[PDB]
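**Q** Below you will find the structure I want to go over with you.
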Amino acid sequence: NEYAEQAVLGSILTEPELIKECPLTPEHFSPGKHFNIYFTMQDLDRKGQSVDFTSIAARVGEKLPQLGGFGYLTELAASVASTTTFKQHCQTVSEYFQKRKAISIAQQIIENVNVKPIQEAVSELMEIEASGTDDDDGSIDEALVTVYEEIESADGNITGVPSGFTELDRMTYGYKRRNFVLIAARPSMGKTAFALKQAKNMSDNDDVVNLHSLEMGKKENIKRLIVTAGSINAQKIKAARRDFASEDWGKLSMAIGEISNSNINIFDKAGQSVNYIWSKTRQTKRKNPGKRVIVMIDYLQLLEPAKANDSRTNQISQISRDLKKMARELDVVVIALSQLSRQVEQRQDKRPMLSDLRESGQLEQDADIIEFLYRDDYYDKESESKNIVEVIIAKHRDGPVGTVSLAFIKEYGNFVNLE
Amino acid sequence: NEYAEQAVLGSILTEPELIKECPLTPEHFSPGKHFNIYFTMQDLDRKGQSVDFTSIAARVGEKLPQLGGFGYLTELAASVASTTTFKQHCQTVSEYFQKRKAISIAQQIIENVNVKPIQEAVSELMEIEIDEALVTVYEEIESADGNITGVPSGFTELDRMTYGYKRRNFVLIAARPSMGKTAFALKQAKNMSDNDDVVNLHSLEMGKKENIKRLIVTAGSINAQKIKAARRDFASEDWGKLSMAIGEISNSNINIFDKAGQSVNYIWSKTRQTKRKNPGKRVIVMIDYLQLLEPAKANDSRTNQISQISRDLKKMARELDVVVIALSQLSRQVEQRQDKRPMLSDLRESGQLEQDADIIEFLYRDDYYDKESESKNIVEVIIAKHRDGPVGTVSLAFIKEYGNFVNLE
């Protein structure tokens with residue numbers, strides 16, 4: 001391959017310091033030109049100098065035409081649009097080098113064989129391994145310095161996207177960018193209101209929240225965001241409102257402003273594939289530069305799978321795995337509400353654990369911050385924790401676990417901080 | 001269109017980060033060049049790399065000429081004045097893509113239609129297919145009425161909680177056998193047809209006849225046992241209540257489907273059809289047995305079938321915008337307790353059930369388990385789940401003889 005071979009040579013003549021960031025030998029390059037363009041290029045490096053046209057042409061003064069002349073070195077440096085592809089090209093050159101020697105050691109065996117062909121399979125073995133030159137080595141001695149800076153310069157203040165709960169962010173330091181958090185819980189625990197809360201809290205820290213409600217409508221999601229924002233009574237508005245509530249219009253004509261002054265985006269298409277959400281995530285991330293994006297999903301199970309004719313347990317796996325990829329490759333916080341096995345209610349301790357994620361197998365594995373919700377005053381009419389939802393972080397990949405308590409105001413769908 | 005097609009290919013070769021900002025497949029582009037220009041262009045992206053002349057030409061080293069040669073990639077990159085109209089051009093390319101397939105799926109029908117051409121027009125159909133939205137929200141609350149917004153149940157004490165089953169809701173009327181599970185449905189059936197709404201009754205258990213035979217004995221208040229056989233030479237002056245009920249049922253908007261095996265998709269089709277023939281008016285879809293519905297995957301676990309049904313049933317209500325009422329049955333395990341009063345956990349197999357339901361309402365006749373009940377002839381409808389409302393128990397008087405329900409308090 002000559003095309004990728006030029007790029008490497010050129011990008012080096014452009015950045016005379018890249019000969020280090022990628023180790024090669026003239027053996028990799030084509031005969032004559034490219035070969036000599038590196039041989040002389042590499043020599044000036046081992047002698048502890050720089051590598052540019054001027055220097056190279058200054059080295060082989062009489063034997064310059066053997067490198068395609070000076071008119072070629074400049075053409076090589078001209079061909080390189082941007083030295084960003086260097087890695088990618090320096091690898092294409094490398095793959096083709098293995099390929100060259102792989103055959104050279106292959107047709108080597110044939111000629112070698114025809115005492116005993118044992119020492120052959122041994123000599124032809126040592127060569128086939130040394131020809132395996134890769135690009136990702138392990139150096140804990142280098143990437144350590146990269147961390148140190150960050151340890152030193154410690155921004156004592158939530159790094160990622162804040163949840164809006166002081167006692168929770170003091171563990172996560174903001175849901176990161178590649179993370180895939182899971183908000184699962186039994187029905188009637190605030191599973192939805194807890195989401196719509198974090199939804200706004202993020203929209204207040206000036207982030208973008210994409211709420212995918214496959215269960216509810218674009219309206220109810222707002223109708224809830226209002227009754228939660230202005231602290232107005234949920235039952236009042238519904239129907240009474242007009243001739244039943246007064247002086248609340250102040251808290252209403254305020255909330256209606258807040259929601260319209262927020263970065264909340266709501267999608268309510270009935271059937272949403274992980275790929276659908278993907279597309280709507282790029283689009284939102286494109287229209288909104290510089291700012292972080294969070295993708296909420298109101299029901300992991302109501303999502304539309306990729307393979308219609310497949311086992312249910314495999315569909316949730318297909319979804320889960322895909323959902324994670326999105327967060328990673330698109331670099332956005334992915335929050336997915338889920339449901340827990342109906343089997344939770346047939347125990348003495350109604351407190352959810354990981355095994356309660358029924359069908360979903362590849363679920364708990366792809367999740368970064370599995371957090372269950374638990375209202376004690378649902379299973380017990382006489383609880384010592386009146387109106388207290390306890391958010392249980394059962395899994396944290398880059399952090400600790402534990403239970404966080406919050407006050408749930410059933411009437412406003414609001415959550416309050418404690419301790 | 002090749003002109004806008006160049007702009008797209010070019011502006012991408014200019015900004016090797018725009019292949020992402022606008023999704024396409026080689027299928028969109030003209031054959032040969034433009035095609036291969038994207039095929040190879042897209043491939044390098046999926047492999048997690050960059051897309052520029054240098055890289056593209058480095059990929060297909062021998063087969064470079066099939067992309068118009070290197071001299072063409074540069075001409076494309078030069079053709080782009082500014083990468084600002086990339087959106088406008090990436091749309092002109094997309095518009096022409098639909099137009100290409102719209103014909104490819106149109107002349108598809110022609111050759112296809114050429115068993116029954118029914119599944120054709122169906123298969124050829126599926127292929128052929130915030131601040132802004134909050135100002136109305138204001139007027140919604142302002143347009144508070146004080147009465148029933150959605151579809152009324154017909155029970156004053158119940159509608160004072162739901163304000164009419166909404167449009168996207170999926171309510172569940174579950175209960176043990178012999179509680180009025182069916183008669184309670186056939187009651188709401190008419191009450192909705194009186195409020196001038198359309199009720200699609202899917203009785204998979206009974207016949208198109210018995211459903212009417214019950215609607216009459218309930219409408220005219222005539223005795224259920226009389227008519228059956230005696231009627232002719234056993235009842236008198238009831239012909240007035242009969243020649244009145246027979247009219248009511250024929251003057252109603254009740255539609256009864258009684259095909260033996262009904263898939264959720266079957267009901268779906270019969271719902272669009274009824275909604276199309278009847279414009280402007282709301283439609284309610286009743287199902288006399290959630291378990292007698294035919295699943296999608298025959299060879300699957302039973303607990304997954306009820307989930308396949310339930311999940312599908314909800315989507316229908318949401319995407320078709322109609323009230324979906326599904327009668328169900330409760331685990332036989334209810335009768336082995338002291339309090340025969342049903343709860344959510346009693347929904348046996350069905351797991352993804354209670355989660356997709358909006359208004360789970362169980363029925364309970366106390367005078368079935370107790371011969372000496374203080375509530376003689378009293379069914380108590382128990383709303384155990386209300387997503388956009390409150391819970392609680394509502395009491396109604398059940399007239400066993402007429403299959404009629406009466407209001408109280």
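In the structure tokens, chains take letters A, B, ... by order of appearance, with residues numbered from 1 within each chain and ligands from 1 in the order shown.
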Report as an MDAnalysis selection string the set of chain A residues whose atoms approach chain B to within 8 Å, with distances computed over only C-alpha atoms.

**A** chainID A and resid 1:4 7 79:81 85 88:89 187 215 219 222:223 237:242 256 259:266 269:271 282:283 286 302 312 341:342 345

**Q** Based on the backbone DSSP call, show me all residues of stretch 52-234 of chain B assigned helix (DSSP H, G or I), as a VMD selection string.

**A** chain B and resid 53 to 59 65 to 67 70 to 79 86 to 104 106 to 113 118 to 128 132 to 142 156 to 162 183 to 194 208 to 219 224 to 228 231 to 233

**Q** Name all residues at most 12 Å from stretch 21-23 of chain A (count only C-alpha atoms; drop same-chain ones fewer than 5 positions away) and give them as a PyMOL selection string.

**A** chain A and resi 8-9+11-12+15-16+28+38+42+45+83+86-91+93-94+133-136

**Q** Figure out the distance between atom CA of residue A:300 and atom CA of residue A:327, please, to one decimal in Å.

**A** 14.9 Å

**Q** With distances taken over only C-alpha atoms, which residue among B:338, B:88, B:253, B:236 lies nearest residue B:194?

**A**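 Nearest candidate to residue B:194 out of B:338, B:88, B:253, B:236: B:253.
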
**Q** Using only C-alpha atoms, can you tell me which of A:54, A:403, A:14, A:320 comes closest to residue A:334?

**A**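 Nearest to residue A:334: A:320.
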
**Q** Restricting the calculation to only C-alpha atoms, which member of A:409, A:51, A:391, A:323 is positioned closest to residue A:353?

**A**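 The closest residue to residue A:353 is A:391.
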
**Q** Where in stretch 114-307 of chain A does DSSP assign strand (DSSP E), given as a ChimeraX atom specification?

**A** /A:180-185,208-212,264-267,293-298

**Q** Which residues are near residue B:206? Cut-off 12 Å, only C-alpha atoms, ignore same chain within fewer than 3 positions. Put them as a list in words.

**A**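 Everything that qualifies: residues 182, 201, 202, 203, 209, 210, 211, 212, 213, 214, 256, 257, 258, 259, 260, 287, 288, 289 and 292 of chain B.
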
**Q** Using only C-alpha atoms, which residue out of A:130, A:221, A:164, A:287 lies closest to residue B:87?

**A**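 Ranked by minimum distance to residue B:87, first place goes to A:287.
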